[PDB]
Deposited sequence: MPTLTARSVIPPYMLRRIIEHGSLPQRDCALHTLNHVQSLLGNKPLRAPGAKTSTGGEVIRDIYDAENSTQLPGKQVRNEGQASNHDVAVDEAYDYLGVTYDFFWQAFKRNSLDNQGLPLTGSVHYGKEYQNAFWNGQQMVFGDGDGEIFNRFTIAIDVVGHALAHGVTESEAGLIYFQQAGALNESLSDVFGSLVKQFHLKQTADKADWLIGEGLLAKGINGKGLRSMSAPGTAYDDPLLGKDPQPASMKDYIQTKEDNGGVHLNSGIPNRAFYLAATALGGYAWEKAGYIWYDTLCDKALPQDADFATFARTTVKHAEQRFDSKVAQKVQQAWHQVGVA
C-alpha cells in the first residue's frame, strides 16, 4: 500500500499531539467489464467506519449523488483523473487497459491517511484537528491514483532515488490533474501538494511545495518540512525507504522549473516529456536521478526540438543533477 502521509509525520504527531491526536495517529500508523478509451467506469463504496474492503456499494457509474460530500468528491475526482489522462495523453485509465476506478470512503475511525492498494483507492475521514477528510484535495487523489500508472509502466522500486522518482511522478501527475481541472497555465498554478488538507490552525500551506521544497509547513505539532531543494543537500539515510519522501523535492523542483521555462499549460510539453519517459521501455526499475534526467532530455528532443531539450536540461542542472 502506498500511503500519502509518511510514517515520520505520524510519529511526529504521536510524540507532540494531545491524547486524542496521538490516539488516532497511532491507530493509523499501526494499521495492518473494462472501459473503452474515452469513457471512465467508476464504482464508489462506503466502508461505514469499519476496515473491511470494499464496503457497501453506494455510487456506480452514472448513478445519482447520495449527497454525502466524501462520496461526491471520490466520484468527481476519480472522474477528473481519468479525463486528464485521456485528454492529455490518450491513455485509457491507470493501466492503459480500461481498469475501472474503485474507491472506498469512511475507512476506519478518524483514519489519518489515504492509499492506493494496487487495485483500489481507500480514503480516511481525518481527525478534523490536524488533517481534513482525505477526499478534499484533488491533487492528492490524483497523486495516489498515479501510483497505478507508474506500476503498469516502468515499475520504479520504492527505494532511494528510484523511490523518490516514484513519489515525484505522483506529485507531477497529481499537480497536472489539478491544473487541468482549473484551466491554469504554469505561471498561475499554486504548485502545492495537499492545499486544503491541513486543518485550520495548522501552520502550513500543504504537505509539499513543488516550486520551493522545504517551505510547505512549520508547525509545533507537525514539525518543519524536511525536504532539500537541491542535490547539494540530498539526505543520505536508510530511514523512509532510503528517503523516498525526503528527497522527492529535488526532481519535483526540476519539473516546476522546466514547466515554468516552457510556459502555457504544463501538461502539453513538460508533462508529455515526463509521460514519454515513464513509458520508455529502456528506463530501469532501479533508475537514479541522472538516468531519469537524461531520458527526459532525449524525449524533449524527440517530441519537440533542441530549444525545448535545452530548457529541460537546464532545469535538472539548476537542482544539481548533472
Legend entry - Deposited-sequence segments unaccounted for in the coordinates: 1-5, 38-51
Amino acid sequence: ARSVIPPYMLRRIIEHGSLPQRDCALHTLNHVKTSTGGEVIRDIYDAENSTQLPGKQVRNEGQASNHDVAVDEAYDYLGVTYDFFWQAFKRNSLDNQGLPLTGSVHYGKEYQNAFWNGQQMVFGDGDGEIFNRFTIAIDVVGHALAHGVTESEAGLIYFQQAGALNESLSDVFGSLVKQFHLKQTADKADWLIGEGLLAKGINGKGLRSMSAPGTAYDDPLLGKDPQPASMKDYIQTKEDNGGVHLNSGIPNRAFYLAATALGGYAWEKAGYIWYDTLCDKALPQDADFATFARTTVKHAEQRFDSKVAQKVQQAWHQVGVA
From here on, numbers count along this sequence of modelled residues.
Inset, instruction - Can you let me know which of the two, 34-42 or 284-292, has the higher average C-alpha B-factor in the entry? - result: 34-42
Legend entry - 107-115 set against 228-236, stretch whose average Cα temperature factor tops the other in the entry: 107-115
Legend entry - Which of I130, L165, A189, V80 ranks first by CA B-factor in the deposited coordinates: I130
Legend entry - Selection from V297, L257, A266, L53 [criterion: highest C-alpha temperature factor in the record]: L53
Legend entry - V141, C-alpha B-factor rank within chain (lowest, middle or highest third): lowest
Inset, instruction - Please place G194 in the lowest, middle or highest third of its chain by C-alpha B factor as given in the entry. - result: middle
Legend entry - Relative C-alpha B-factor of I250, binned into the chain's lowest, middle or highest third: lowest
Inset, instruction - Would you mind ranking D125 by its C-alpha B-factor against the rest of the chain and naming the third, lowest, middle or highest? - result: highest
Legend entry - Chain third (lowest, middle, highest) by recorded CA B-factor, residue given as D219: highest
